[PDB]
Structures are given as structure tokens and as C-alpha cells.
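Colleague: Structure below; questions to follow.
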Amino acid sequence: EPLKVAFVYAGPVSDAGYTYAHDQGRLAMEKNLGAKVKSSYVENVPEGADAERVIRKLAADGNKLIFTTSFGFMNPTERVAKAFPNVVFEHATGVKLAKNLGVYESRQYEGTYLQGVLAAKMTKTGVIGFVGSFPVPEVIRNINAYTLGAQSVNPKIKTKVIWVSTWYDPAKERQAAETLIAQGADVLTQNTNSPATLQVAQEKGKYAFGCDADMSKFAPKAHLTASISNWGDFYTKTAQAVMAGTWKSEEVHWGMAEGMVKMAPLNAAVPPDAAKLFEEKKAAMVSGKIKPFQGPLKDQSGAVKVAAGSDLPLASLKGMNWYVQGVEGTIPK
Ligand SMILES: CCNc1nc(O)nc(NC(C)C)n1
């Protein structure tokens, strides 16, 4: 019989960003494994308590492998996994494991560091902007990596952050982008899921980056590049392991070296000196010659976090709740 695989999304496949990319991973798994797998998905599932009913129903319907693709499914996934010990659960970006519960994530911050390098080359104000969802480790690593990448070019760069308290709401994302631009940011990145920030950047004559997918068709003048998320090989490997009986609970983190994180082509507006530097830093990121959180690092209180010649430990990366010097908030509107 085919292995029944289900995907739980916190957003819509029509976001053209994060959920789109997870769903392209599901479709890659279907193409790679053919008749050996039967996939289904549910979109726009609310995070926290109400997700538990959806996850339980997919397990009750006979799914043997369930991917919960958002941070806020962590505790519902852990509870359903205890109730379904013969089902394999994989939770994106979480830190809770069990005999039948693994966690997976990308090192997207490797891409965000490269975006910061390019932002420092393209900014006219010296202020880069970040549209944030919630202050969880995934997002704080991306804010810090954007800032460190920019500071590798111009140590005087400032990063302004605005929080929308949602992963996906194109109206709120549009308003947040307008506010960052009004407060002097002219190269924007995000950890929300829509092309709204890009559309605002194009309207105002500013720059921004795609997130999880190439978003250039939404804003071809503003789109400098994008950090593309490729989940298809991970979803394939995981479904293969369950079918073959090799699956075990583990924490998986893949980056540019493993092909989970890739960069879109550069916009034609990027000048040759910036393009050359970007390609050198990209090669170094893939080879591990540079790491985004290599020392020396200080936090925003001036405390040393990592000495020169050391790297930030995996446990500090996993729990990151501190900001590098140069990160600030927006004035509340
Ligand atoms: C709709 C839920 N979206 C979501 N959830 C988690 O956990 N992380 C991300 N990250 C993107 C790169 C911003 N997005």
C-alpha cells in the first residue's frame, strides 16, 4: 500500500512564499516517490490549541507520516504524537522531540547574511529594514545575520525592525513595510510569508528580498535576490526512511551546503563590485570558510557573546534571543 503522508500549513499555498515552498517540497516528494506515497495537505491552520484537532484528524484518517510546518504547531504536535505512537511526526523549527517526533529546519540565516552584504552595497540611507513576525530563535537569527552581513561591508549600518505578530497577513506586512520606509529603511527583508514588502518597495523606489521563493515577478525593480527554501529532498529522504524502516527521531538543520537554501539570481541593478563580492561570500558560505555567527560578536548591551577565532555554539544558536549591536526597533505608529 502507499505510505499516507500529510502536511499541515499555517498559511496558504497561494502566499507565493513560505507555505508555497513547503508545498513545492510535498510535490517534489510526490514526483520522486511516485505511487509509493499518497500526500494530502491542510492550509491556513491556526497555530496553538485549534491545530490539535486538525493534526489528530489526519492521524485518525491513517496518515503514517505528518509534517507540521510552523513553529506554533510545536505543542499540539507533541500532544498528538503521544496519542499516535505508530505515526511519525516531523515538526518544522521546533525543539521538542520524542520516540515518534523529530524536528527539522533550514539554516536560512546563511542566505540572510548574504542579503545583508548586498543591502550594505545598495542602501543610500545606511538603514536596512526587517519585517518580523514573532521574536522566536528562527527570526532573531535572521535579524542578526542580516545585520552582521551588512556590517561586514559598512560597520555603521543600522537595522530597524518592526513586528507584525503574525507570520502571514499581506495587509499588515504592507503597512509594516510602509512604516520602515517612512522611518528611513531603504533595503528591506522579512520573516513574514508574502510578497507585500516587495510590492511596497517597488511602489516607493526602494529594494527588498524574496523570502522562501523567488518573488521577482511581484516586484522586478525592487527584488535584489531571494533566499529560496528547497524542502523536497528532505521530505523525500524522510518518506523513504519511514517506508524502509530506517526512520529515527533527530534534529535536522540543512543549509546551503546541503542544497536546502539557495539564492535567486541578482537583479540587473546590482553593480559589478557588489555582484563580485556577493558571489565570493556565497562561495565562502557554501564551503564553510565563513559562518554568519563567527566571532567576534557583541550583543546590544556591549557584552561579548563569541571571541574572535571562535564560532557561536549550536545551543546559543538554538535559543538565540539577543541582538547584535546596531539592531533597533521602529517608533510605534
Ligand atoms: C504561516 C507560518 N509561517 C511560518 N512559520 C514558521 O515557523 N516560520 C516561518 N518562517 C519564514 C521564513 C518567515 N514562517
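We label chains A, B, ... in the order they appear in the C-alpha cells, count residues from 1 in each chain, and number ligands from 1 in the order shown.
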Report as a ChimeraX atom specification all protein, DNA and RNA residues lying within 6 Å of residue 161 in chain A, evaluated on only C-alpha atoms, omitting residues in the same chain fewer than 6 positions from it.
Modeller: /A:129-130,329
Colleague: Return as a ChimeraX atom specification the full set of residues in range 44-239 of chain A whose backbone-based DSSP assignment is alpha helix (DSSP H).
Modeller: /A:51-60,74-83,109-122,137-151,170-182,196-204,232-239
Colleague: Using only C-alpha atoms and all ligand atoms, can you tell me which of A:219, A:266, A:6, A:45 comes closest to ligand 1?
Modeller: A:45
Colleague: So that each row is one residue of chain A with an atom at most 7 Å from ligand 1, can you give its shortest atom pair and the distance in Å to one decimal, using only C-alpha atoms and all ligand atoms, rows by chain and rising number, as a tab-separated table?
Modeller:
```
residue	atom	partner	partner_atom_place_in_ligand_line	distance
A:9	CA	ligand 1	1 (C)	6.5
A:10	CA	ligand 1	1 (C)	4.0
A:11	CA	ligand 1	1 (C)	4.0
A:18	CA	ligand 1	11 (C)	5.6
A:19	CA	ligand 1	1 (C)	6.4
A:69	CA	ligand 1	7 (O)	6.6
A:70	CA	ligand 1	7 (O)	3.5
A:71	CA	ligand 1	7 (O)	3.7
A:72	CA	ligand 1	7 (O)	6.6
A:92	CA	ligand 1	7 (O)	6.6
A:93	CA	ligand 1	7 (O)	6.0
A:167	CA	ligand 1	3 (N)	4.7
A:168	CA	ligand 1	1 (C)	5.5
A:190	CA	ligand 1	13 (C)	6.7
A:191	CA	ligand 1	13 (C)	3.3
A:192	CA	ligand 1	13 (C)	4.3
A:193	CA	ligand 1	13 (C)	5.4
A:211	CA	ligand 1	12 (C)	6.1
A:212	CA	ligand 1	12 (C)	6.0
```
Colleague: Need the shell around residue 269 in chain A: protein/DNA/RNA residues with any atom at most 12 Å away, counting only C-alpha atoms. Skip same-chain ones fewer than 5 positions apart. Format as a PyMOL selection string?
Modeller: chain A and resi 118+121-122+206-207+220-225+274-275
Colleague: Store the residues picked out above, limited to N, CA, C and O atoms, as a short mmCIF file (atom, residue, chain, number, x, y, z; two decimals), in the first residue's frame.
Modeller:
```cif
data_model
loop_
_atom_site.label_atom_id
_atom_site.label_comp_id
_atom_site.auth_asym_id
_atom_site.auth_seq_id
_atom_site.Cartn_x
_atom_site.Cartn_y
_atom_site.Cartn_z
N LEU A 118 24.60 42.45 0.45
CA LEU A 118 24.07 43.19 -0.71
C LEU A 118 23.32 44.44 -0.24
O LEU A 118 23.43 45.49 -0.88
N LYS A 121 25.62 47.28 0.25
CA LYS A 121 26.08 47.81 -1.06
C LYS A 121 25.01 48.69 -1.71
O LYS A 121 25.39 49.66 -2.39
N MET A 122 23.72 48.44 -1.48
CA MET A 122 22.63 49.07 -2.24
C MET A 122 21.99 50.19 -1.43
O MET A 122 21.31 50.97 -2.05
N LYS A 206 12.36 51.63 -3.57
CA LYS A 206 13.32 51.00 -2.64
C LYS A 206 13.58 49.57 -3.08
O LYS A 206 13.12 49.14 -4.15
N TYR A 207 14.40 48.87 -2.31
CA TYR A 207 14.79 47.47 -2.61
C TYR A 207 14.27 46.55 -1.52
O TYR A 207 14.18 46.92 -0.33
N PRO A 220 9.78 43.35 -9.99
CA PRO A 220 11.03 43.11 -10.68
C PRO A 220 12.08 44.22 -10.51
O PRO A 220 13.25 43.89 -10.59
N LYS A 221 11.67 45.45 -10.23
CA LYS A 221 12.66 46.54 -9.99
C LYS A 221 13.21 46.49 -8.56
O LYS A 221 14.40 46.81 -8.36
N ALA A 222 12.41 46.06 -7.60
CA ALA A 222 12.81 46.08 -6.16
C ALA A 222 13.56 44.80 -5.76
O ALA A 222 14.33 44.84 -4.79
N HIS A 223 13.30 43.67 -6.41
CA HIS A 223 13.73 42.33 -5.94
C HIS A 223 15.22 42.14 -6.19
O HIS A 223 15.60 41.84 -7.32
N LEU A 224 16.06 42.26 -5.18
CA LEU A 224 17.54 42.17 -5.36
C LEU A 224 17.96 40.72 -5.59
O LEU A 224 18.83 40.47 -6.38
N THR A 225 17.37 39.81 -4.81
CA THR A 225 17.58 38.34 -4.83
C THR A 225 16.58 37.79 -3.79
O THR A 225 15.70 38.55 -3.32
N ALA A 274 29.59 45.02 -6.30
CA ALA A 274 28.65 44.37 -5.33
C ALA A 274 28.39 42.92 -5.76
O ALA A 274 28.42 42.04 -4.91
N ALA A 275 28.17 42.68 -7.05
CA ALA A 275 27.92 41.33 -7.58
C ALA A 275 29.12 40.43 -7.32
O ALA A 275 28.95 39.28 -6.89
#
```
Colleague: From the list A:95, A:60, A:80, A:228, which residue is nearest residue 315 in chain A when using only C-alpha atoms?
Modeller: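 With only C-alpha atoms as the atom set, the closest residue is A:95.
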Colleague: Give me the residues near residue 25 in chain A as a list in words, where near means some atom within 10 Å (using only C-alpha atoms) and where sequence neighbours in that chain fewer than 3 positions away do not count.
Modeller: residues 19, 20, 21, 22, 28, 29, 30, 31, 229, 230, 231, 232, 233, 234, 235 and 236 of chain A
Colleague: Expressed in Å to a single decimal, how great is the separation between CA of residue 107 in chain A and CA of residue 138 in chain A?
Modeller: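 Pair CA of residue 107 in chain A / CA of residue 138 in chain A returns 8.9 Å.
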Colleague: Using only C-alpha atoms, find the one residue out of A:99, A:217, A:56, A:289 that sits nearest to residue 68 in chain A.
Modeller: A:56
